[PDB]
Structures are given as structure tokens and as C-alpha cells.
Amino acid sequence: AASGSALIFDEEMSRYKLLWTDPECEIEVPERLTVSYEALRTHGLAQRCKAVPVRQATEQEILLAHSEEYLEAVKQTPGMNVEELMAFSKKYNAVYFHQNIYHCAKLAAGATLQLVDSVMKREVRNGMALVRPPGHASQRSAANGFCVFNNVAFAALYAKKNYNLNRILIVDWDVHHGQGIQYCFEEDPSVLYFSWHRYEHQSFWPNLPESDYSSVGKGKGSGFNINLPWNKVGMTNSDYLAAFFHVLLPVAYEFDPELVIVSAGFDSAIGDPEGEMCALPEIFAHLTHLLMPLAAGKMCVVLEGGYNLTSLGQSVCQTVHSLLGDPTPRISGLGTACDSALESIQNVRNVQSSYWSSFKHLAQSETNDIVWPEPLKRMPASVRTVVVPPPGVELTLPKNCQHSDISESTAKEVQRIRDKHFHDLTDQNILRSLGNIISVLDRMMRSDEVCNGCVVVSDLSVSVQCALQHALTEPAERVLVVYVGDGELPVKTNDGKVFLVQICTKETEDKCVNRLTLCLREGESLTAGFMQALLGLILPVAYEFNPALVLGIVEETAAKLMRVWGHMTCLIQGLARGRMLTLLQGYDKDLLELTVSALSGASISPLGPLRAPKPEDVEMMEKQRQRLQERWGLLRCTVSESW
């Protein structure tokens, strides 16, 4: 299974620039590449990636997406003087030409294809291409919006042709619509295109009616084009995560792509003079992380726009940090998306409801200068994952995992804890696991050397109480508990420091807003239901809660449809800088193996196709959203009714 992250870059792509006055294009400068690579070098990220060389796209590769007549016209620009280049540039909208731009365009395109090949041949897990010129606005026969050839459209058509892929997701988080990509795949159900973009009711570039939410694709491609227009500026972390949890991710995991390509424009970040949005560079760590379980981690990130050199460098580093598997930064201050974003989100979900299972319940009444703080460092843990199997069980562990070694001070604390709170306890198994829990938690919370952990335990009540209480005094200001099992746990949810998610078999009405209890009907549809609950309820609440530790718990009677556990374990590491402790009750080799693999950052196997969720499950989940969304605004995917 593949490892490592490709970084594709060449300073030749910085060797073209604007040669005449033009306020429209003067923001697109060679230094965008210079600053981005140097930022990667400064933070040690470039040195940890596999450098893959650029190459030129061939004529045949360019003709996959562009016409012979347009290619022939651009092929003449190396021979043009400045007067001729200015006249050629005026034939198109918001683009300039240069004697070297055709050369660099072929390099930008070939760099993208090198990235696709490295990933699809399993030479790396994922990667990023830092290229100029950008691509997503160029069209079959036109340059547009600083773009000459459509790098990301190349990549999907090339991956289709040479690897016989049937399902490719393109995520365009640039602040501009990628109209070239939309047109290219408009009728194609094999390529799902998602774009959010500043729109402001069509008054923002490129000013197209077809960039609105109503453009869902055409013909057999209906439903495979998703536009989320931002109709106000100033969108925040909360708006972007609301878009992912309530539009993009439900569709992406149902689509089940075989490759993910990201049109990564960081002009959607705070400080950008084109986007004027307010999302922090740290959000891109999470946008990257939330997509990484798709396609077994095969993600090709391709630079598009991004014009504030400071914002650009930091967002590029946050993206590569996540590609490398470094712990995600904690996002504070999350809450409801703004009303304009909620309107865009509800409109997209409604028009897309004829095409996607996660939205289908919506179709029937019965159913329903700027400055910001510098980002903190993101150190990978010395040993990412510590494992404590039952005594004697020897397992083959991934390279960045390690077995537990109870210390002297730790042993004294178990004695103190036993005397005070479990007088009768003398079971020397239980007492060993308590020493393992405290030992693992101490390494997780008081060291950057261990990130997360898994401990197999015997008695849930004592181990849960010790794990929770010990974390709450480290101190962990807030703890998210995720419990797969029935019954009640020694978990008090009164003081706001604990949020409890419970996946259980018995229908039980929960009474307050710090618990989410999910009672999913048994059957062949448990998987789709849980995925729908995870993306649409669990993750929105968990992100807003912003825990300092995640405590996972699985009762023994519930280890037999839990094919979702690896996705949850991977996605929930977006919280608490990845600090997750999982307690598995009883030995199951496969569950322990899956848990350790996901905790350690390994690729997650795809879920493939799934029987769409039970309508009773969707009803249960929407009643949870209604009950919780006034407290946890990140759950909202409609505009609230005003009094």
C-alpha cells in the first residue's frame, strides 16, 4: 500500500509575467509560486515530500480538452512581440500572454499529469502540484481568468483514459467558479464537479447565470455538477464547513470516487483581494482532511488561484501538512453559517434532491491590510499511535505504532484511585488496564511524542470513568465521547465539559443538548445511515464543540455492522489535534487491527455502494437535528424561521 506525498514544482513556471499595465491581471504574479514553495521549505514540508519532476503536456494530451484551433493560436505566442501579445490577450477575458506562457502552460499541465500518474501508480499516496498558469477557467477554445489550458480537466480525462476510472470527484475550492471544468464535464456522469464560489447574485466574475445552484449538469450528467454560490463576501470557517458537512461530503461518500482531484485556489482564504472571504488558512487543513478517506486517500491537489502572498503561503502549508498526515489544528469559534450561506445551502440541497440519496427526503412532504494570527506549528508525533492489546497478544503493527510499561508514579495513582472510588476492585486485569489508560493518556496529553491510542479493556464502567476523569484533570477543557453500545455510562453531561455521542440499538429519548443518541434500525442499510449521521450530525456538533480529547468506546456486544468504524476514526481525528483514545471492550483482532490502522493515519478502504438509508433512520436523524440545531448552529442546513 502506497506511502508518501508528491510535491511537483519547477521554478520555470515563475518565468512569465504581465508586461503592460492592467489592473485586472496585475495580481497574478510569479511570486505566488516562489512564496508558496519557500513557505513549504521554511516549514520543512518540501523536504518531506517526494519531488516529482514536471514535464510538458503533449499535443495529444492538450487536445483532450482543447480544440486544435485554440492550441494552434496559443502555439504562436512564443513568436510574438509585446504589441502582438497585448492584441492577442485582448481577444480573451482577464488573461495576459507572454513569450514564455505557452511553455509554462504545457509545464503546468504536464506537472498535473505527473501528479496523476504518481498517485494512480501507487508511487505516492497523494500529492500537490504548485503550478502557473492556473487552469479551471480556461475553456475548449478560450483562455480565461489567467488560465490558458485546463490542468484539472486534463487530469480527470487523462485518468479516465489511461486508468479506466469510472468515478472521479473534482473539488474546486477556489473562490471563483471553474466554468471551464463545468462545461467540460457537464454531460458526463463519470466526473462529479463541486464548486463553491463568490457569486453575489451573478455580479461577481465570471458573471455567468450557469454558475448558479440550478446548474446540476445536463443529460446523463444531471446531478453530477454542484454549484454553491456565495452571495455575500466575508464567508467564515463555519460557512465552509457547513458546505462540506451538508452538501459536498454527503454527495462525495455516496458517489464513492476512485480518484479525488482538488482545484485548490486559496483566494478563498482571509486577506485575499479577490475573494474577500474570512476563512483562516487552518480551514484548508480540514477541507483536505475531510476528503482524505475517499478513494483510499488518492488525492491530487492542483494549485489554482490565491493572491495574498501571506495567506497563500500559510494555506499551502496547511494543505501539505494534512497530505503528509500531520495533526490538524483545532478550529475555535465555530457556529451557524450565516443566513446567506444557509440560503445557498438549502437551495442547492433542494435542487439536488432528485439526484442524491442524502437529500431525497427533502423532495416529499411525508419525508420532510487584513491581519490574522499566525498558524501554530503542526508537529507529527514521534510515535503516532500506542496500542495495548490483551496480555500476551502480539500483533504486527504499522511503522508509526508501538506497544504500551506501567511506571512507578502511574502505579501509585491507580492505587489512590482504587482506594477512593473502587474499594472492592482487586481484579488485576482491570487494574492493569487502568495503568495502561493513564500511561497512554499521559503520553498523549503531556507530550508531542504520542498522538493517540487504543487500549483493549475488560470492564467498561471502571475504565471509562478512569479515562474520563483523568483527562478532565490533565486538564482537558472539553472531552467528546463517542460510544458504540447500549446502556448508560459513568458520564455526566451536565457541566458543558463533555459531549456524548451514543450509537445504540434501543430507542431512547434523550433530554438535553449535550447528548446525541442515534438508534439505527438493524439491516442492510446500517452503513449508509451511519455515514449520513456521521457527516450530517456527529461531525458538525463535534467541530463546534471543539474537544481537547476524543474518547471512543465500543462495547463487546456491538463489535459484529461496524464497517464504518475506520471512516469515523479517520474523520474524528480532525478534532482535538487527532488526540483520540479508543477503548475496545474484549479482544477482536479485526476491530483492533482496523482501529490501529485508522488511528495511525493509514489509508481507509472505500465503502463502495450501499443500500440507501432507511426512511425511519432519516426521520430519526432529522428529529435530532431539529432538537440540537438551536444550540449547535453548525447543524443547520436551512435558514431559520424568524419570529
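So that there is no doubt, residue numbering starts at 1 and follows the sequence shown.
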| property | result |
| --- | --- |
| Missing from the model but present in the deposited sequence, between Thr310 and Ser311 | none |
| Interval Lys560-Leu561, deposited residues with no coordinates in the entry (none, 1 to 3, 4 to 9, 10 or more) | 1 to 3 |
| Entry-level comparison of average CA B-factors, 508-516 and 170-178, reporting the higher stretch | 508-516 |
| Comparing 102-110 with 156-164, the one whose average Cα B-factor in the PDB entry is higher | 156-164 |
| From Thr77, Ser447, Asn237, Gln139, residue of greatest CA B-factor | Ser447 |
| Out of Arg478, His197, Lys399, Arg349, residue topping the C-alpha B-factor column of the entry | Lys399 |
| Position of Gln585 among the chain's modelled residues by C-alpha B-factor, lowest, middle or highest third | highest |
| Position of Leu395 among the chain's modelled residues by C-alpha B-factor, lowest, middle or highest third | highest |
| Within-chain third of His286 by Cα B-factor, per the entry | lowest |
| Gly297, C-alpha B-factor rank within chain (lowest, middle or highest third) | lowest |
| Chain third (lowest, middle, highest) by recorded CA B-factor, residue given as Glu38 | middle |
